[PDB]
Amino acid sequence: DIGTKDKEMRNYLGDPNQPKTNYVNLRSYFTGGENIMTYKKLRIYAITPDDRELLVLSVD
Amino acid sequence: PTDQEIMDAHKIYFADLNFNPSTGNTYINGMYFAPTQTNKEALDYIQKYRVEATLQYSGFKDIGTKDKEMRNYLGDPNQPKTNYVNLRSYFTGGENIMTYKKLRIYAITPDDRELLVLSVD
Amino acid sequence: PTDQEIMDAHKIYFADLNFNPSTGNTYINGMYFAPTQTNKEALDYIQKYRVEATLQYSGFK
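The structure reproduced in this document is the subject of the present report. (Residues numbered from 1 in each chain as written, not as in the entry; some residues may be left out. Chains lettered and ligands numbered in written order. Part of a larger assembly, values for the part shown. Heavy atoms only, no water.)

1. Brief notes about the nonpolar core
All names here are of chain B.
Then step 1. Among the nonpolar cores identified, the biggest contains 26 residues, and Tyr-49, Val-51, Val-85, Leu-87, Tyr-90, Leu-103 and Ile-105 are the most heavily contacted of them.
Then step 2. Contributions of two or more residues to this core are made by α1 (5–9), β2 (27–33), α2 (40–43), β3 (47–53), β8 (103–108) and β9 (114–119).
Then step 3. Aside from chain neighbours lying at most four places away, what touches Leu-87 is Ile-28, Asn-29, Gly-30, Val-51, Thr-92 and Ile-97. (Core = buried A, V, L, I, M, F, W, Y, C linked by side-chain atoms within 4.5 Å. Buried < 20%, exposed > 50% of the residue type's maximum accessible area, 1.4 Å probe, protein only. Helix = DSSP H or I, 4+ residues; strand = E, 2+ residues; numbered from the N terminus. Contact = heavy atoms within 4.5 Å.)

2. Some thoughts on the sheet that holds β8 of chain B
Within a sheet, adjacent strands bond to each other through the backbone by hydrogen bonds, running parallel or antiparallel.
All names here are of chain B.
Then step 1. The strand order across the open sheet built from 4 strands is β4-β3-β8-β9, with neighbouring strands paired in antiparallel fashion. Every other strand in the sheet has two partners, leaving β4 (61–64) and β9 as the edge strands with one partner each. Strand-to-strand twist in this sheet, taken as the mean axis angle between neighbours without regard to direction, amounts to 25 degrees.
Then step 2. Pairing of β3 with β8 involves 5 bridges; the strand directions are antiparallel. (Pairing = 2+ DSSP bridges. Axes fitted to C-alpha atoms, helices over the stretch in contact; angles between N-to-C directions.)

3. Observations concerning the interface of chain A and chain B
Then step 1. Facing 12 residues of chain A, the contacting portion of chain B comprises 9 residues.
Then step 2. Carbon and sulfur atoms make up 47% of the surface buried where chain A meets chain B, a total of about 710 Å² over both sides.
Then step 3. Across the chain A-chain B interface, the total number found is 1 salt bridge.
Then step 4. Of the charged contacts in the structure, one is a salt bridge between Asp-76 of chain B and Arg-27 of chain A, with a shortest N-O distance of 4.0 Å.
Then step 5. The interface formed by chain A and chain B contains 2 residue pairs in polar contact. (Buried area = accessible area lost by both parts, 1.4 Å probe. Salt bridge = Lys/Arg side-chain N within 4 Å of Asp/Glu carboxyl O. Polar contact = N/O pair within 3.5 Å; in protein donor to acceptor, adjacent residues only side chain to side chain.)

4. Looking at the arrangement of the chains
Then step 1. Counting contacts across all 2 pairs of chains that touch, the top pair turns out to be chains A and B.
Then step 2. Without any contact between them, chain A and chain C keep their closest C-alpha atoms 10 Å apart.

5. Considering the sheet that holds strand β7 (residues 84–86) of chain B
Residues and elements named next belong to chain B.
Then step 1. Strand order in the open sheet made by the 3 strands is β1-β2-β7, with antiparallel pairing throughout. Of all strands in the sheet, those with a lone pairing partner are β1 (13–18) and β7, marking the two edges. Strand-to-strand twist across the sheet, computed as the mean angle between neighbouring axes with direction ignored, equals 20 degrees.
Then step 2. For β2 and β7, the ladder comprises 3 bridges, and the chain directions are antiparallel. Within β7, the position partnered with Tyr-32 by the bridge is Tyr-84.

6. Section: the interface of chain B and chain C
Then step 1. Taken together, the contacts link 8 residues of chain B with 8 residues of chain C.
Then step 2. With both chains or domains summed, chain B and chain C bury close to 530 Å², and 77% of this area falls on carbon and sulfur atoms.
Then step 3. Of all residues in chain B, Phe-14, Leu-17 and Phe-19 of chain B bury the most surface against chain C, accounting for 63% of the area lost on that side.
Then step 4. For the pair chain B and chain C, the interface holds 0 salt bridges.
Then step 5. Counting across the chain B and chain C interface gives 0 residue pairs in polar contact.

7. Overview of the pattern of salt bridges
Residues and elements named next belong to chain B.
Then step 1. Scanning the entire structure with this criterion turns up 16 salt bridges over all chains.
Then step 2. A salt bridge links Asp-3 to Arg-113; the nearest nitrogen and oxygen atoms lie 2.5 Å apart. Linking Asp-3 in the segment before α1 with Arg-113 in the loop between β8 and β9, this pair joins segments that are 110 residues apart in sequence.
Then step 3. Residues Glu-114 and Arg-50 are paired through a salt bridge, measuring 2.3 Å at the closest nitrogen-oxygen approach. Here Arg-50 lies in strand β3 and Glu-114 lies in strand β9, a separation of 64 residues in the sequence.
Then step 4. Taken together, the shared-partner salt bridges connect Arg-50, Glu-52, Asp-62 and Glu-114 into one network.

Okay, structure coming up:
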């Protein structure tokens, strides 16, 4: 578990024309500077302001 | 923070080294203390990091007490800022601070009591 | 050269390192063997240098 951090609101896909959207940059989480490892497992929980969390992405 | 909550905040570090590609020695420039999920309260409680280290010529010495620096972890512009102890600003005579030889870094609480938080003996 | 002149020609060396400024580990790239006033016969006499070392992953081989 690498922690809880706010979102970032970047342009979609990096396209300067697309609107800005929820961006979750995993380089700022509590990795020890390590790399976050594609096709292996991954889980991202969206945390509502009521402090209840939902599972919104799984890459198991 | 207790005196064990402080010695645990300083458990994961990363030496910022410097390579001299002739006598390939890798002298030390400073230490980061990694930010973890449970140590922000105890890494902010501390400054001044007294250090004693072995310099290249005129070896194991005490090189003084100086505040911390709060640099980005690992130099990554995305990681949070953390306690940085840059040994280039201590009272070295402009000498190099000498890897695998001995080194000791004492964290100095605002109550002026010091704890040993890193040993590279 | 004897087996003692040969082991003495190789007493002064110099690792040619390679620094990686993240996990500042300095891996090895090769070894020089220093030329001295009395070891040109023993150094010219030898080749082939069998080597066994500890690689990063999958170590001492």
